[PDB]
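Chemist: Dropping the structure in here first, questions after.
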Protein chains: 4
Amino acid sequence: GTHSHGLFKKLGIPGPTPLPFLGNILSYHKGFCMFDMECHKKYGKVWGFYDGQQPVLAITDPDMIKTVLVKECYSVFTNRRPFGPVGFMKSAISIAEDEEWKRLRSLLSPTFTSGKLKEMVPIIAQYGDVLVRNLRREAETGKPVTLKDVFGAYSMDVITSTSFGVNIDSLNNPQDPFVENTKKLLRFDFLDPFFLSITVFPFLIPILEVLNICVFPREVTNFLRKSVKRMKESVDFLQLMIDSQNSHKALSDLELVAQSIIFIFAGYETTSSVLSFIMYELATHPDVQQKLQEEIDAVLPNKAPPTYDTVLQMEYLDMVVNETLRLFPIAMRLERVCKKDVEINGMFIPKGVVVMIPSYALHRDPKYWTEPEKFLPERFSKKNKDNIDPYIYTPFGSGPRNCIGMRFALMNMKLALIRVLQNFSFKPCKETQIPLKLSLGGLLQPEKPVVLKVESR
Amino acid sequence: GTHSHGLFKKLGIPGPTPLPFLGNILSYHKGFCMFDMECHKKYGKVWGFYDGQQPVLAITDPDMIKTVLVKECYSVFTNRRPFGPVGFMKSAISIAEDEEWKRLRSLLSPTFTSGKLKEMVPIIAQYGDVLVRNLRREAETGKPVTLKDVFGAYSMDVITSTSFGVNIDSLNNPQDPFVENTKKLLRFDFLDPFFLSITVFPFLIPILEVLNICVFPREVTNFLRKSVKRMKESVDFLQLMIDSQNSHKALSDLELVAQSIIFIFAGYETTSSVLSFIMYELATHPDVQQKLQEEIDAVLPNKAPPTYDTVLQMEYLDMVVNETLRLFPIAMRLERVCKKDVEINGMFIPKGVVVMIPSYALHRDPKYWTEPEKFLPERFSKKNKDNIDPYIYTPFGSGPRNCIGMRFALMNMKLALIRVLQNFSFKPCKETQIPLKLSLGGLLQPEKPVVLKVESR
Amino acid sequence: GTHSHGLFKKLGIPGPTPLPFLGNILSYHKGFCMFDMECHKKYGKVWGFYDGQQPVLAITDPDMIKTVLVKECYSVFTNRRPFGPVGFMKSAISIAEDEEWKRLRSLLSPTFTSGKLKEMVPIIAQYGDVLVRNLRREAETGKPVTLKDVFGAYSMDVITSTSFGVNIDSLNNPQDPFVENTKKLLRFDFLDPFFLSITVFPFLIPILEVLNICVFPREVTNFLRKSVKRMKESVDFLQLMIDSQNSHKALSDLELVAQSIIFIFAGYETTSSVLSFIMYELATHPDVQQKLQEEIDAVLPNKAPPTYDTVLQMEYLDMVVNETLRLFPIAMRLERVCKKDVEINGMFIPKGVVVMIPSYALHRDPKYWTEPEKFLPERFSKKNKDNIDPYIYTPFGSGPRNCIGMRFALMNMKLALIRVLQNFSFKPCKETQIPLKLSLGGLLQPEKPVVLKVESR
Amino acid sequence: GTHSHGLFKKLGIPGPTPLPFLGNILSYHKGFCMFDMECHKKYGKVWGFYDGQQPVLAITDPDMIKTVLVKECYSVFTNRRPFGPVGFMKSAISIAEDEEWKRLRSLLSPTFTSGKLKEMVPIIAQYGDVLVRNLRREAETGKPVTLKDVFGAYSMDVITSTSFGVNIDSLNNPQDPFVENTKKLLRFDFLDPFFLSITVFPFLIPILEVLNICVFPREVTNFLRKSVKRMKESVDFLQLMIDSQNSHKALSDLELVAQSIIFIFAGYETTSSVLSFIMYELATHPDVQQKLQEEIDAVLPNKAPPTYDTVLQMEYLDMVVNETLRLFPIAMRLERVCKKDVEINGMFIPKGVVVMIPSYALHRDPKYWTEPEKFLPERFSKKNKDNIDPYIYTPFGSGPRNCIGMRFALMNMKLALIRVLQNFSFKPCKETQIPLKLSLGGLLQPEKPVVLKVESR
Ligand code: HEM
Ligand code: HEM
Ligand code: HEM
Ligand code: HEM
Ligand SMILES: C/C(=C/COc1c2ccoc2cc2oc(=O)ccc12)CC[C@H](O)C(C)(C)O
């Protein structure tokens, strides 16, 4: 039961010692984030562990991180860890591999350009107003608001109308067929019962794929696949893709449905979780919240509606976002499969190892960050935005295979915050978890949901 | 690839010849019902086929059927075909085996007595009124009603309030947390992609059970399991069970949740489908519908509300129900695992064969029924209700392991029909499928749903 | 990954704490024997552990052992742990279950009677002479003999000629087709790579059975199955079985081949291993060897050939055999599946637990045996053969399902020893492992094989 | 159950229609060879079928064959069909993939050069004499010789002494530890029970690999792996490899054991089967046998021993060998996995299709061969050795990935024949199967083994 459990002692790379079959997964009982810090402390800058029989080589040196993520990306480190069972979602850009991915990353890049984004801002802006009106209704009546629902509803109101042209007040219309399905599109908990069973028996993935079982539910996907058929057959992501097949080989039909779904998956709980973390930090730091409220009113006098250009104007906002993402990189880790034998920056890495960059832990490394547990938006000021190594702070990853939706994600979250801070202020409650505790699960998210008092300005 | 594909040629039992691995499942392309008639025609009164490597021995002789279902039930033919993956639903009475089942069938029988049923009629009767008001709203406005929704909603309005004490206008409140889950509780299509893959690779069931995959969704069950915890901790099925553990070993906690779930599963789409089939036949036979409307008004003058006793009074109603069930035994087949070697009525049956009684086909046998394709409620008159062999007409099966919910099912459906016929009459539409065609799937149900015109009296 | 890992803490039974998926198997790294002593020491007289997800309840009280092995044998504890993949060897008496086993234990019992055995002694006796002549050839030339080969060859020379009528000097004819196959029939190492993988993924057994993979090699079995066809079609086990189908249902054809194979498996390495252990103890205790040589010459003056009756006459011989089996019960454990819920001697045992009696450890319990590490044949004298509890000393198990081949095994080993001690004396070598160390594997057998000097008398 | 069973109807490529799960394997009941001719007849020059869910695209045009085997070999068609479970034999040159294979094909090519072969001829020649003396012993006594044993023994006598330096008269020493193992190294019957079960459930391969089950037996490999350790640590293949790691990365240790094993596998039953087929054809064509006997005596007057150079001198010999290989290409098919999307000679081939060249059938195509059922060595005369398309006659395949052992195989077989024809003549028997019938199994080999009369000259 120990296939390749000698690999790291052989190469002389240090690490914790594995059990048979389980490898090191018993050590995930405190989450990846906590597991990654301990190993950074113990074994220094490079170590290895086993997810089952799967060797994983952690790296924390920025020259070496760059070679993985940037330089040898097309040659050696092109794909993320095999992830299954996936069905037709094998065509989604984030699961596809090698040349199929390159084709798709090309076919979809001109959809995430600044120009196309600047054209999407009016759509996104309209569900800001929906959010505020869904918030004043919460704030008028004395009652502690649970952010995850009001924000979770907002990330939906945008995902839909930006990648299908569908305009829903999902909070107020929780039953439009569309709203049920797409809310079943949550990020995957890789320490939940199933995915841990996949790591111990990845020989079961082919079995599951054959049994037509999918991690992307077999019923959600069936609804959207035809719903797009009704859309196609009659300034958003779906349209910009339909264009990119009125010309690599143009995006097929099913290939298009796959991207739209993977966009929801990659965008829904990511955005919602970060918006929450930001409001938690503004609430538990009233000075920061006021300084930002003041910067918002300056650029936008008279509760003016935010634009693409006035969003890019506001620097304290940028610093708050970026500092929140430093504390809470909701990906936790970046990973690439090493598909040859290589020697990068003087270390031999055998074929088939998963190379892993422990973001969460590097973002909270005392060796690159002073007082790294503190919400301190000033590390990202124009004065200090220079002593920050872009291969240590990677909330969206780096390289050709980084977050294709980064500018969208950051513009989306910034408009929300702008309109919400314009109108309301956020004070803690007694029930607000202080200090916040992170779920020991496989998702970077708060143990207990964030609830705060909302008052109107 | 042919383990035991010689068994039936060895014993001298005739049948169609199997492919390797698939056995005879390619022959299910016209549904079990159509497959069963052909084999009855061809090979006579006893034949054998293979579901994968699983031999199944069909029988159509009533002395022999009785031995299986009645006599040697506890000794030889106690359990239905192994059905998985099931998780904790292995404790449901209909999936449990041998002594566990006997314990449960005992612990739950005094819940389906006439006395307890007669006490449940007022509850059931109240969602009759909900049904009619949900129907007049359909009938006031000129528009063809699709029965499956108005009736499907009714079977829900009763399942809930009779096995949990929860009172929902599920049609008008399609969002009460309770209504979403319990509507995901549909009968299993055993010719759908998954269950056919189970028949070819039943060696995959243990794998699925270990991966914590369930045929009873892992999320529906999680909602109900605690929802009962809130119910327990503060004249219906749930209460009568809570009593039966204030005393075999009293029903455990989880064992109770299992029964309530299996009741929904066994009762929801069964009832809805039969109510539809009955309305289809009343609509396409206006003479029968009028004769029954007339019998209803007699017993219940002035749109009087039906009672337990006036339901049992109405004989034409009984004949319509029973004749509909003859045409549409929504189970199609009865099955028992042969758990020893035996010789019943002079035939050797080896251990491990699935013995199967082809209800649908026997109900439409020209050899026991004249003009067996015709809706003819008079075969069930007190004059002819005698020339009917109870081992040929088995819409609820026979023996210790027949439908524990039979009197409930028949009383439930009869109250619906009574109140609906009192107030409305049902005429076809142009879009009404005539003749009705049965879905070639694994469920006895109409290809196209039943839509009819509803007019008010 | 912890299905039923709470069962023993729930019932209040103590034990070591399990890892997920692995249960306690990491604790088998010192063999079952050493694992069983520690648990006897620690948790007292009853404890529980997990082979994967499989709970196993150890018991060491003789009233309770008797209920399991003797009283409730037909009712509750009929079968040994499911053992697979087995193919047609599911018909072997030792793997078959419930009524199939009862049928076979009946059909084969009159083959292991004293009368039939007494008729087999001349056959067995002839390969005594073959053994001695294969030994004098070893002893004439100065060279340390490795017992396992000379004895292993003898157990073969008897297995063949007693269950097929085939007369081979397997040592001198190591190529007769028959000799190759039947030497591939070794007892199963349940801590070897494969069987440990079965305990962690017993959901893989059905898969293996379907892939036609067998633990009883698919080629050895193919040779014997037809070799018996040539035998049948033209005073030993094969003949006595062919008779028992010239009359429960008479033994089928394949059922007969299965028993003959399972006899080889159960008899080959068992006998060889015990004969070795006995010679080791005679060699490292020269007083015992001389006292037995002297008893042999008395009963059999002049190197007389042993008979059935003079074998039963020799009591010191009996004591040496029985005391060797106390130190080395080559089964180590006895096991029965608990197939209902029960309460035996005031302990609840849930359905599906494997109940296990730790022979090796009880035989070396200081609480029933003084100086239990010492070879002391006198504990079995007619004076002390009474203070010995037959449910503590179970080298062949007890009850209806004990070793059907016991009298044969004991008569077989005794004739070997008699003829070998008549002619030779056995002195250690420098290379003789002293003290003997037991293999930490899954078989009770010496780490290093036994080599001793043989000199002629 | 029909993943990608539409691919060939979609692309417009014709073929037989598949069953679910089985694809077309029911059509293998007459062997690949017979299946391939029918499809060549029916669908013309390009067709498609399914091995399970695995699409296979047959091609029979020589420009297109060349692109697959020669041109786009490194780019598109580098590997043979995934074949498992393989364990460490994944390092054998013939199973390894992509760059690992290129490394190995380089590291091992200078071992199959003419120069190295010419140095191996004296070794090979010595077991010619062993063969003849093992043959005169057969021919002196009047008795029909079964070629497969005398020749099978010869191919062993050479495999050993050319790839390990071990000199065995395996016929006369059938027990040297070495001889038992290496005779268990037979070519794989891909229509036997197991491998057909692999084609239907290739999702079971990962399971088997994890269970440590190997198609290259787990015991044969264990013997050789250490036997080489004794060899290494103290003019043949093993030595030439030990050199090639006294310098791509030099051949590792285990990588060397793997090649030696794969050499036995690729060389043992191949050579034996072809030598038989040649003797069958010489015996059933006495004119050819005499004309070759006469050519042998010319070049080698006085039963002179054959040399490397006099072997290359004899042209009728070449024609007999080459014409036998035309009738019996013991590979039957060549295959390459299509690892991108491509268009070769104007046909689109999707990623993941197995491209297959049906050698056996092309060699017996009436469209490239007149009277293609006839043993006619003259088609290979220097006059006609030109009208023969090297992509139609491919008994060793073509391209960078053709038979690395071709010159060895052809020199080996030619020396055997030379020395055997020098001394003996071969006449049929009454028991000689005439006409020869090919086994309908998955190996190209005679149904009934070849037996002929051997007389001495
Ligand atoms: C706060 C919000 C978000 C965060 C923190 C985030 C973060 C990330 C990270 C860390 C990765 C892995 C990159 C790598 O491997 O280096 C990733 C990949 C990706 N994200 Fe985002 N993301 C967010 C929102 C979005 C949105 C709105 C989209 C909309 C299209 C999106 C689409 C994707 C895609 C398609 C990939 C995979 C791209 C590829 O594999 O080529 N994400 N994201
Ligand atoms: C028209 C409505 C229904 C029909 C036609 C129907 C029919 C059947 C049939 C044919 C069986 C198999 C019996 C056998 O194997 O002989 C069965 C079993 C069963 N039904 Fe019904 N049923 C209906 C409604 C219900 C309802 C309302 C319940 C509510 C509790 C219920 C609970 C069960 C249970 C628990 C079993 C299995 C009992 C056991 O295995 O011991 N069914 N039903
Ligand atoms: C020193 C030699 C032997 C020893 C120590 C030995 C010991 C054992 C033990 C401990 C068991 C388990 C009994 C139980 O579960 O209580 C057993 C079962 C069995 N043994 Fe022996 N045995 C020996 C030789 C033989 C021989 C020569 C045969 C020849 C037929 C044989 C045939 C069997 C069979 C068939 C069973 C299973 C019976 C059943 O399951 O009903 N054994 N043996
Ligand atoms: C009559 C005897 C033989 C015949 C007919 C034969 C035929 C073949 C064929 C058809 C192939 C597939 C080539 C392709 O895919 O194009 C092959 C591959 C191969 N053969 Fe032979 N062979 C014979 C003897 C040998 C011998 C003696 C060796 C000794 C080393 C050998 C080693 C190999 C190897 C290693 C491969 C795979 C090479 C690679 O995949 O790169 N074969 N053979
Ligand atoms: C190496 C990884 C990177 C995560 O890349 C994403 C992220 C990260 C946050 O949200 C995302 C949405 C995405 O959507 C997509 O389609 C594709 C990628 C994606 C896996 C992260 C695992 O959880 C853990 C903690 C076990 O390593």
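Identifiers in the structure tokens: chain A, B, ... in order shown; residue index from 1 per chain; ligand index from 1 in order shown.
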Chain A near ligand 1 within 8 Å: what's each residue's closest atom pair and its distance in Å to one decimal, counting only C-alpha atoms and all ligand atoms, ordered by chain then ascending residue number, as a Markdown table?

Modeler:
```
| residue | atom | partner | partner_atom_place_in_ligand_line | distance |
| --- | --- | --- | --- | --- |
| A:69 | CA | ligand 1 | 16 (O) | 7.0 |
| A:79 | CA | ligand 1 | 40 (O) | 7.8 |
| A:80 | CA | ligand 1 | 15 (O) | 7.3 |
| A:92 | CA | ligand 1 | 35 (C) | 7.8 |
| A:93 | CA | ligand 1 | 39 (C) | 5.6 |
| A:94 | CA | ligand 1 | 40 (O) | 3.5 |
| A:95 | CA | ligand 1 | 40 (O) | 6.7 |
| A:96 | CA | ligand 1 | 40 (O) | 7.7 |
| A:101 | CA | ligand 1 | 41 (O) | 6.9 |
| A:105 | CA | ligand 1 | 41 (O) | 5.9 |
| A:112 | CA | ligand 1 | 30 (C) | 7.8 |
| A:159 | CA | ligand 1 | 27 (C) | 8.0 |
| A:259 | CA | ligand 1 | 35 (C) | 7.6 |
| A:262 | CA | ligand 1 | 35 (C) | 6.6 |
| A:263 | CA | ligand 1 | 30 (C) | 4.4 |
| A:264 | CA | ligand 1 | 29 (C) | 7.0 |
| A:266 | CA | ligand 1 | 42 (N) | 4.7 |
| A:267 | CA | ligand 1 | 27 (C) | 4.0 |
| A:268 | CA | ligand 1 | 27 (C) | 7.3 |
| A:270 | CA | ligand 1 | 2 (C) | 4.7 |
| A:271 | CA | ligand 1 | 1 (C) | 4.6 |
| A:272 | CA | ligand 1 | 1 (C) | 8.0 |
| A:273 | CA | ligand 1 | 1 (C) | 7.8 |
| A:274 | CA | ligand 1 | 1 (C) | 5.8 |
| A:325 | CA | ligand 1 | 5 (C) | 7.2 |
| A:329 | CA | ligand 1 | 5 (C) | 6.2 |
| A:330 | CA | ligand 1 | 5 (C) | 5.8 |
| A:331 | CA | ligand 1 | 10 (C) | 5.0 |
| A:332 | CA | ligand 1 | 10 (C) | 7.7 |
| A:333 | CA | ligand 1 | 10 (C) | 7.4 |
| A:334 | CA | ligand 1 | 15 (O) | 5.3 |
| A:335 | CA | ligand 1 | 15 (O) | 6.3 |
| A:336 | CA | ligand 1 | 15 (O) | 7.5 |
| A:394 | CA | ligand 1 | 10 (C) | 7.1 |
| A:395 | CA | ligand 1 | 10 (C) | 5.3 |
| A:396 | CA | ligand 1 | 10 (C) | 3.8 |
| A:397 | CA | ligand 1 | 16 (O) | 3.3 |
| A:398 | CA | ligand 1 | 16 (O) | 5.0 |
| A:399 | CA | ligand 1 | 16 (O) | 6.6 |
| A:400 | CA | ligand 1 | 41 (O) | 7.2 |
| A:401 | CA | ligand 1 | 41 (O) | 4.3 |
| A:402 | CA | ligand 1 | 16 (O) | 3.6 |
| A:403 | CA | ligand 1 | 18 (C) | 3.8 |
| A:404 | CA | ligand 1 | 34 (C) | 5.0 |
| A:405 | CA | ligand 1 | 28 (C) | 3.7 |
| A:406 | CA | ligand 1 | 25 (C) | 5.9 |
| A:408 | CA | ligand 1 | 27 (C) | 5.7 |
| A:409 | CA | ligand 1 | 27 (C) | 4.2 |
| A:410 | CA | ligand 1 | 1 (C) | 6.6 |
| A:412 | CA | ligand 1 | 27 (C) | 7.8 |
| A:413 | CA | ligand 1 | 1 (C) | 7.5 |
```

Chemist: For the structure I just gave you, how does DSSP split segment 125-352 of chain D - specifically, which residues are strand (DSSP E or B)? Reply as a PyMOL selection string.

Modeler: chain D and resi 145-146+334-337+342-344+347-349

Chemist: Keeping N, CA, C and O atoms, export the residues of the selection given above as a short mmCIF file (atom, residue, chain, number, x, y, z; two decimals), in the first residue's frame.

Modeler:
```cif
data_model
loop_
_atom_site.label_atom_id
_atom_site.label_comp_id
_atom_site.auth_asym_id
_atom_site.auth_seq_id
_atom_site.Cartn_x
_atom_site.Cartn_y
_atom_site.Cartn_z
N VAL D 145 6.70 -36.22 -34.53
CA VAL D 145 7.21 -35.13 -33.69
C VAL D 145 6.22 -33.98 -33.70
O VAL D 145 5.72 -33.59 -34.77
N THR D 146 5.97 -33.39 -32.52
CA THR D 146 5.13 -32.19 -32.40
C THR D 146 6.05 -30.96 -32.32
O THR D 146 6.69 -30.71 -31.29
N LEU D 334 -1.32 -4.04 -36.53
CA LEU D 334 -0.53 -2.97 -35.93
C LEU D 334 -1.45 -1.87 -35.43
O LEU D 334 -2.47 -1.58 -36.05
N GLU D 335 -1.07 -1.23 -34.33
CA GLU D 335 -1.94 -0.22 -33.73
C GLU D 335 -1.14 0.95 -33.21
O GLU D 335 -0.05 0.78 -32.68
N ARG D 336 -1.73 2.15 -33.31
CA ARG D 336 -1.17 3.35 -32.71
C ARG D 336 -2.31 4.18 -32.16
O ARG D 336 -3.38 4.26 -32.79
N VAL D 337 -2.08 4.79 -31.00
CA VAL D 337 -3.06 5.71 -30.43
C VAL D 337 -2.90 7.06 -31.10
O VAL D 337 -1.78 7.57 -31.22
N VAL D 342 -6.07 15.12 -36.00
CA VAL D 342 -5.24 15.24 -37.20
C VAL D 342 -6.08 15.01 -38.46
O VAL D 342 -7.19 14.49 -38.41
N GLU D 343 -5.50 15.40 -39.60
CA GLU D 343 -6.00 15.06 -40.93
C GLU D 343 -4.82 14.50 -41.74
O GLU D 343 -3.95 15.26 -42.17
N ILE D 344 -4.79 13.19 -41.92
CA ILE D 344 -3.73 12.52 -42.65
C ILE D 344 -4.30 12.02 -43.96
O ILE D 344 -5.31 11.30 -43.98
N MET D 347 -8.17 12.70 -44.32
CA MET D 347 -9.19 12.19 -43.42
C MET D 347 -8.98 12.76 -42.03
O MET D 347 -7.87 12.70 -41.51
N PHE D 348 -10.04 13.30 -41.45
CA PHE D 348 -9.99 13.76 -40.06
C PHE D 348 -10.02 12.56 -39.13
O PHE D 348 -10.89 11.70 -39.25
N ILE D 349 -9.07 12.52 -38.19
CA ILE D 349 -9.02 11.48 -37.17
C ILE D 349 -9.04 12.15 -35.80
O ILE D 349 -8.09 12.85 -35.44
#
```

Chemist: Rank B:228, B:139, B:33, B:185 by their smallest atom-to-atom distance to residue 456 of chain B, using only C-alpha atoms, and report the top residue only.

Modeler: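 Checking each candidate against residue 456 of chain B, we get B:139 as the closest.
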
Chemist: With a distance cut-off of 12 Å and only C-alpha atoms, select the neighbouring residues of residue 42 of chain C, excluding the residue or stretch itself and same-chain residues fewer than 6 positions from it, and output the selection as a PyMOL selection string.

Modeler: chain C and resi 14-16+35-36+48

Chemist: Would you give me, as a PyMOL selection string, the residues of chain C that come within 8 Å of chain A, using only C-alpha atoms?

Modeler: chain C and resi 1+193+197

Chemist: How would the residues just picked look written out with N, CA, C and O atoms as a tab-separated table (two decimals), in the first residue's frame?

Modeler:
```tsv
chain	number	residue	atom	x	y	z
C	1	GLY	N	-15.15	8.05	6.05
C	1	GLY	CA	-14.39	6.81	6.05
C	1	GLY	C	-14.43	5.96	7.32
C	1	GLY	O	-13.53	5.17	7.56
C	193	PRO	N	0.69	-8.59	0.54
C	193	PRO	CA	0.16	-7.36	-0.07
C	193	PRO	C	-1.30	-7.46	-0.47
C	193	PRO	O	-2.08	-6.55	-0.18
C	197	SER	N	-4.87	-5.59	1.09
C	197	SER	CA	-5.66	-4.78	0.18
C	197	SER	C	-7.12	-5.24	0.10
C	197	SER	O	-7.99	-4.44	-0.24
```

Chemist: Contacts of residue 447 of chain C at 6 Å or less, counting only C-alpha atoms, minus same-chain residues fewer than 3 places along, as a ChimeraX atom specification?

Modeler: /C:437-439

Chemist: Compare A:119, A:140, A:371, A:341 by their minimum atom-to-atom distance to residue 327 of chain A, counting only C-alpha atoms, and give me the closest one.

Modeler: A:371

Chemist: Which residues, written as a list in words, have at least one atom at most 9 Å from residue 277 of chain C, with only C-alpha atoms counted and residues fewer than 4 positions away on the same chain left out?

Modeler: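 Counting only C-alpha atoms, the residues come to residues 272, 273, 281, 282, 324, 325, 328, 445, 446 and 450 of chain C.
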
Chemist: Okay, now the selection with N, CA, C and O atoms, as an mmCIF file, in the first residue's frame?

Modeler:
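Once written, out-v5.cif looks like this:
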```cif
data_model
loop_
_atom_site.group_PDB
_atom_site.id
_atom_site.type_symbol
_atom_site.label_atom_id
_atom_site.label_comp_id
_atom_site.auth_asym_id
_atom_site.auth_seq_id
_atom_site.Cartn_x
_atom_site.Cartn_y
_atom_site.Cartn_z
ATOM 1 N N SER C 272 3.119 -29.929 7.288
ATOM 2 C CA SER C 272 4.553 -29.703 7.142
ATOM 3 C C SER C 272 5.063 -28.771 8.230
ATOM 4 O O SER C 272 6.118 -29.014 8.827
ATOM 5 N N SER C 273 4.324 -27.694 8.501
ATOM 6 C CA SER C 273 4.793 -26.727 9.492
ATOM 7 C C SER C 273 4.849 -27.341 10.874
ATOM 8 O O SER C 273 5.807 -27.108 11.620
ATOM 9 N N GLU C 281 11.663 -28.775 18.412
ATOM 10 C CA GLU C 281 11.579 -28.867 19.869
ATOM 11 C C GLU C 281 12.246 -30.127 20.396
ATOM 12 O O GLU C 281 12.829 -30.107 21.487
ATOM 13 N N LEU C 282 12.160 -31.232 19.648
ATOM 14 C CA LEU C 282 12.890 -32.441 20.020
ATOM 15 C C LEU C 282 14.399 -32.226 19.971
ATOM 16 O O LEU C 282 15.129 -32.773 20.802
ATOM 17 N N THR C 324 3.450 -29.338 21.344
ATOM 18 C CA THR C 324 3.907 -28.501 20.239
ATOM 19 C C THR C 324 2.761 -27.655 19.685
ATOM 20 O O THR C 324 2.924 -26.447 19.444
ATOM 21 N N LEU C 325 1.584 -28.268 19.515
ATOM 22 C CA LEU C 325 0.432 -27.543 19.015
ATOM 23 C C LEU C 325 -0.011 -26.457 19.979
ATOM 24 O O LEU C 325 -0.641 -25.471 19.568
ATOM 25 N N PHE C 328 2.301 -23.665 19.064
ATOM 26 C CA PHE C 328 2.177 -23.238 17.667
ATOM 27 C C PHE C 328 0.847 -23.633 17.042
ATOM 28 O O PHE C 328 0.803 -24.381 16.057
ATOM 29 N N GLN C 445 4.677 -19.680 11.330
ATOM 30 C CA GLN C 445 5.763 -20.392 10.684
ATOM 31 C C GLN C 445 7.059 -19.720 11.079
ATOM 32 O O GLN C 445 7.055 -18.546 11.462
ATOM 33 N N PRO C 446 8.178 -20.437 11.031
ATOM 34 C CA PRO C 446 9.422 -19.868 11.553
ATOM 35 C C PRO C 446 9.974 -18.839 10.588
ATOM 36 O O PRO C 446 9.919 -19.017 9.366
ATOM 37 N N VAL C 450 13.811 -24.256 9.528
ATOM 38 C CA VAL C 450 14.450 -25.089 10.541
ATOM 39 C C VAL C 450 15.466 -25.983 9.838
ATOM 40 O O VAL C 450 15.108 -26.718 8.911
#
```

Chemist: Mind the document's chain letters and residue numbers, and return as a list in words the residues of segment 217-256 of chain A that DSSP labels alpha helix (DSSP H).

Modeler: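 Filtering segment 217-256 of chain A down to alpha helix (DSSP H) leaves residues 220, 221, 222, 223, 224, 225, 226, 227, 228, 229, 230, 231, 232, 237, 238, 239, 240, 241, 242, 243, 253, 254, 255 and 256 of chain A.
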
Chemist: Save out the residues we just selected, C-alpha atoms, as a CSV table (one decimal), in the first residue's frame.

Modeler:
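This is the output file part.csv:
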```csv
chain,number,residue,atom,x,y,z
A,220,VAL,CA,-28.2,21.3,-13.0
A,221,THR,CA,-26.2,20.7,-16.2
A,222,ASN,CA,-29.2,19.3,-18.1
A,223,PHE,CA,-31.2,22.4,-17.4
A,224,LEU,CA,-28.6,24.9,-18.6
A,225,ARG,CA,-27.6,22.9,-21.6
A,226,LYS,CA,-31.0,23.3,-23.2
A,227,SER,CA,-31.7,26.7,-21.7
A,228,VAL,CA,-28.8,28.0,-23.7
A,229,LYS,CA,-30.4,26.2,-26.7
A,230,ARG,CA,-33.4,28.4,-26.3
A,231,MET,CA,-31.2,31.5,-25.8
A,232,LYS,CA,-28.9,30.9,-28.8
A,237,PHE,CA,-20.4,36.6,-21.8
A,238,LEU,CA,-22.8,34.3,-23.7
A,239,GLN,CA,-23.1,36.7,-26.6
A,240,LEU,CA,-19.3,37.4,-26.8
A,241,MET,CA,-18.8,33.6,-27.1
A,242,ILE,CA,-21.5,33.2,-29.7
A,243,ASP,CA,-19.6,35.8,-31.6
A,253,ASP,CA,-21.9,24.3,-29.0
A,254,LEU,CA,-21.3,22.1,-26.0
A,255,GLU,CA,-18.0,23.8,-25.5
A,256,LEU,CA,-19.8,27.0,-25.0
```
